[PDB]
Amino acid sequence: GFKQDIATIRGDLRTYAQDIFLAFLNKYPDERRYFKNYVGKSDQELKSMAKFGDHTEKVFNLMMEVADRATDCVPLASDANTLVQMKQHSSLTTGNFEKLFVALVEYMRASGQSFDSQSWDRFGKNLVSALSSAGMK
C-alpha cells in the first residue's frame, strides 16, 4: 500500500526521483520552462549535472516526508503551507502540482511494480485541495 510505496521510493530515492521527474517533464514538456538550467539537455546530460540529481532528490524527499505525515492520504495543512510559501513555488498554481501527480501515477501504473497508484492519485487530489486553501492560485 501507500506506506510500502514510501519505503520503495525511499530505498532508491535518487533513481525514483529522477525517473518520475523526467516522466513529468516528458508528459508535460512545457513544464521544463520552470527549470531554466535543464532546457536543451538530454537525460544523461542532466544526470551529469550535480544540481539536477541533488535538487530533484530534495523535491522527492520532501514529497515523501509529506506523504509519510499524511493520514489516509490527507496531508497536513502545515505541509501544504510550506509548499505554498516556498520562494521557488511563487509563480506556480495547483495545476502544476496536479500535472506532477498525474505523471507520477502514470509512471507507477506503467512500472514493473505493485504501487498503490490509486492512493497516490488521491494523495495528489488532497494535496491540491490543501494547496488551494493555503493560498495557491
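Whichever C-alpha set is largest while still superposing within 1.5 Å between the two forms counts as the rigid core. Heads up: residue numbers just count along the shown sequence, starting at 1.
Between 49-57 and 64-72, greater CA displacement relative to the shown form is found for 49-57 when the structures in 7 other deposited structures of this protein are fitted on the core. The rigid core fit leaves 40-48 as the farther-lying stretch in 7 other deposited structures of this protein, judged by Cα positions and set against 103-111 and 40-48. Comparing 79-87 with 60-68, the higher mean C-alpha B-factor in the PDB entry belongs to 79-87.
Here 69-77 and 107-115 are compared by their mean Cα B-factor, and 107-115 comes out higher.
Sorting the modelled residues of the chain by their CA temperature factor places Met136 in the highest third.
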